[PDB]
Amino acid sequence: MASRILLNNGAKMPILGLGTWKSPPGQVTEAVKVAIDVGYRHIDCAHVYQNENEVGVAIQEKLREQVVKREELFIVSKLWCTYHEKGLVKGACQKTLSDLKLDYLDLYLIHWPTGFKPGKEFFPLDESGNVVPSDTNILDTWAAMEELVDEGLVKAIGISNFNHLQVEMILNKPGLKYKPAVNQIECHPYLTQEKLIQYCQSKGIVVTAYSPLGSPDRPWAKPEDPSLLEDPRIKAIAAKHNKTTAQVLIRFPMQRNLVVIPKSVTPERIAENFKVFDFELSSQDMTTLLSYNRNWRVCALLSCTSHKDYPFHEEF
Ligand SMILES: NC(=O)c1ccc[n+]([C@@H]2O[C@H](COP(=O)([O-])OP(=O)(O)OC[C@H]3O[C@@H](n4cnc5c(N)ncnc54)[C@H](OP(=O)(O)O)[C@@H]3O)[C@@H](O)[C@H]2O)c1
Ligand SMILES: COc1ccc2c(C(=S)N(C)CC(=O)O)cccc2c1C(F)(F)F
Ligand SMILES: COc1ccc2c(C(=S)N(C)CC(=O)O)cccc2c1C(F)(F)F
Ligand SMILES: COc1ccc2c(C(=S)N(C)CC(=O)O)cccc2c1C(F)(F)F
Ligand SMILES: COc1ccc2c(C(=S)N(C)CC(=O)O)cccc2c1C(F)(F)F
């Protein structure tokens, strides 16, 4: 398996990266350092994860140690919902860059299509339990993202949690300068996303799969929720290969020509999770895992369902 995939901006993106949502500041510097040591080159970051400073320390240390050079790293971050106004986008990106201690990002994504009220809080809600939106739209934010490419701050721009009609709005934008390079979406055996994946691949847009292990540390996990890592049918495939269930779950999107970003702050798991280039899931494994789709999301974000740009009402 080739370890990078070609983007529509000409750059090559590593198909297996390290996720950092919920990685505590106190553990993420070691996590990123060990990830780089064992071969990860792609780190998936976000301002809202509130640990970009500590990710930055790790990257800077590995550059100083001469373990990697900046050109070999693929660093991704995301524009948070409260910064969709055009006049706020450059500062949001530069805050990330300054916290990461980088002078460019390889990829910058609109984190969610939904703009939130600008201000200090990240998840502004009202007394009904619903998010407080901003008067921003997808096209104007996308234009602001384009400016970041032209000023040299990011090498590629993309989107996350966009449904196919929202992607099409950008592809159809009057005077579009850069197509999205990537759509990062939830994807795993219980949410296999065939239709949205087909749409994006048909357009030349690479898909990144998030929460590939089913995000068992997500704050809202409930005991009755299905659990990928404990699913006996996936254990049985793992057993056949003398691999772990996580390893099966990571290799699965790889063989669908997706990028995947499993998260861990545990050095042993970080190393295990990267050890997926030495086996192949069979055609039976692959189709059996696809057959487990339930269209079930760990990231539904029910607090956002009234937002005009909530992405998961459409079929895909
Ligand atoms: N764009 C967005 O809207 C969005 C949304 C969600 C996630 N993401 C990205 O996708 C990344 C991955 O998703 P996620 O963080 O939700 O969850 P995930 O990667 O599906 O699962 C992470 C969890 O699995 C555990 N784990 C990791 N490797 C393991 C292994 N080999 N064996 C057993 N347990 C293991 C981790 O524990 P420890 O860390 O304690 O080891 C943590 O509890 C995120 O961190 C983020 O970068 C993006
Ligand atoms: C800004 O929002 C944060 C920030 C940090 C987290 C964490 C982090 S990294 N911690 C609570 C720190 C720690 O585990 O020590 C874990 C789960 C959700 C988070 C969230 C979330 F909003 F998802 F709840
Ligand atoms: C779970 O909710 C958390 C958890 C942690 C944070 C942090 C973090 S990661 N900490 C204060 C640092 C730490 O816990 O070590 C920063 C800002 C908002 C958070 C939030 C918040 F929801 F407020 F956004
Ligand atoms: C779009 O709405 C979102 C999106 C993400 C969050 C998160 C985050 S940071 N995640 C689910 C992780 C991510 O989006 O990468 C945490 C708490 C509330 C959220 C909300 C919301 F506030 F509305 F519930
Ligand atoms: C653990 O901390 C949580 C947990 C859940 C939320 C939510 C909710 S209820 N969800 C993300 C669940 C959902 O909307 O589906 C919205 C905003 C902030 C949250 C936070 C936060 F800390 F960010 F305030």
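Order of listing sets the numbers, starting from 1, for every ligand and every atom in it. These numbers come from the heavy atoms of this one structure, side chains and all, not from hydrogens, waters or symmetry mates. Position 1 is the first residue of the sequence; numbering continues from there.
With hydrogens and angles left out, the side-chain atoms of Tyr199 and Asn163 include no donor and acceptor closer than 3.5 Å. Under 3.5 Å, the side chains of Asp44 and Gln184 contain a donor-acceptor pair of N or O atoms. For the residue pair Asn8/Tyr178, the side-chain donor-acceptor check at 3.5 Å is not satisfied. Residues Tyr190 and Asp231 have side chains that bring a donor and an acceptor to within less than 3.5 angstrom of each other. Between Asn293 and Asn295, the side chains place a donor N or O and an acceptor N or O closer than 3.5 Å (distance only, hydrogens not considered).
Here the protein heavy atom with the shortest distance to atom 24 (F) of ligand 2 is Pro219 CG, 4.0 Å. Ranking protein heavy atoms by distance to atom 28 (N) of ligand 1, first place goes to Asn273 ND2, 3.0 Å. Nearest protein heavy-atom contact of atom 6 (C) of ligand 1 is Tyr210 CD1, 3.3 Å. The closest protein non-hydrogen atom to atom 18 (C) of ligand 3 is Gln50 CG, 4.6 Å. Here the protein heavy atom with the shortest distance to atom 38 (P) of ligand 1 is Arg269 NH1, 3.5 Å. Of the protein's heavy atoms, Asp44 OD2, 2.7 Å lies nearest to atom 47 (O) of ligand 1. Scanning the protein heavy atoms around atom 23 (F) of ligand 2, the nearest turns out to be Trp21 NE1, 3.1 Å. Nearest protein heavy-atom neighbour of atom 43 (O) of ligand 1: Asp217 CG, 3.1 Å. The shortest contact between atom 7 (C) of ligand 2 and any protein heavy atom is with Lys22 CA, 3.9 Å. Protein heavy atom closest to atom 20 (O) of ligand 1, with residue, atom name and distance, is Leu213 N, 2.8 Å. Distance from atom 17 (O) of ligand 1 to its nearest protein heavy atom, with residue and atom name: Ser215 CA, 3.4 Å. When hydrogens are left out, the protein atom nearest atom 10 (N) of ligand 2 is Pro24 CA, 5.0 Å; that is the closest non-hydrogen contact. The shortest contact between atom 19 (O) of ligand 1 and any protein heavy atom is with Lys263 N, 2.9 Å.
Heavy-atom separations between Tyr49 and ligand 3 are all 4.0 Å or longer. Contact annotation: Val48 has at least one heavy atom less than 4.0 Å from an atom of ligand 2.
Of the possible polar contacts, one joining the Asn161 side chain to the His111 backbone as a donor-acceptor pair under 3.5 Å is found.
Interface atoms of ligand 1 facing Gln184, defined by a heavy-atom separation under 4.0 Å, are 1 (N), 2 (C), 4 (C), 8 (N), 9 (C), 48 (C). The atoms of ligand 1 that sit less than 4.0 Å from any heavy atom of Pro262 are 19 (O). Residue-ligand proximity, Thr266 to ligand 1, at heavy-atom distances under 4.0 Å covers atoms 38 (P), 40 (O), 41 (O). Heavy-atom contacts of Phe123 reach the following atoms of ligand 3: 24 (F) (cutoff under 4.0 Å). Under a 4.0 Å criterion applied to the non-hydrogen atoms of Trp112, ligand 1 contributes the atoms 3 (O). Remark: ligand 1 atoms within the under-4.0 Å shell around heavy atoms of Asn161 are 1 (N), 2 (C), 3 (O). Near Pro216, meaning under 4.0 Å from any of its heavy atoms, are these atoms of ligand 1: 21 (O), 23 (C), 24 (O), 43 (O). Numbered from 1 in the order shown, with element, the atoms of ligand 1 that lie under 4.0 Å from a heavy atom of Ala246 read 30 (C), 31 (N). Close approach to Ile261 involves these atoms of ligand 1, each under 4.0 Å from a residue heavy atom: 9 (C), 10 (O), 11 (C), 12 (C).
No side-chain heavy atom of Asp309 sits less than 4.5 Å from a side-chain heavy atom of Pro133.
Taking 4.0 Å as the cut-off between side-chain N and carboxylate O, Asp135 and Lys117 do not count as a salt-bridged pair. For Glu71 and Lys69, the salt-bridge test passes: some basic side-chain N is under 4.0 Å from an acidic carboxylate O. Ion pair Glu147/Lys90 not flagged as a salt bridge, since none of the NZ, NE, NH1 or NH2 atoms sits closer than 4.0 Å to an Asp/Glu carboxylate oxygen.
Under 4.0 angstrom from ligand 1, there are no non-hydrogen atoms of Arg218.
Taking all heavy atoms of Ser264, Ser160, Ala271, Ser211 into account, the minimum distance to atom 13 (O) of ligand 1 is reached by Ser211.
Ring pair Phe312/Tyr310 is perpendicular by interplanar angle, where above 60° counts as perpendicular and below 30° as parallel.
Taking a distance limit of 4.0 Å, we find that atom 5 (C) of ligand 2 is approached by no protein heavy atom.
In this structure, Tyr210 has its ring center at least 6.0 angstrom away from the ring center of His188. For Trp80 and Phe123, the ring centers are positioned less than 6.0 Å apart.
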*CA sep, side-chain torsions, deciding dist, call: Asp285, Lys240, salt bridge (charged side-chain N to carboxylate O under 4.0 Å, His left out)*: CA-CA 10 Å; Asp285 292 336; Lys240 182 128 174 40; over 6 Å; no
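Relative to the six-membered ring of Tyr292, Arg294 misses at least one condition, a distance below 6.0 Å or an angle of at most 45° to the axis.
No more than 12 heavy atoms of other residues, nucleotides or ligands lie within 6.0 Å of CD in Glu280, so this atom counts as exposed by the packing criterion.
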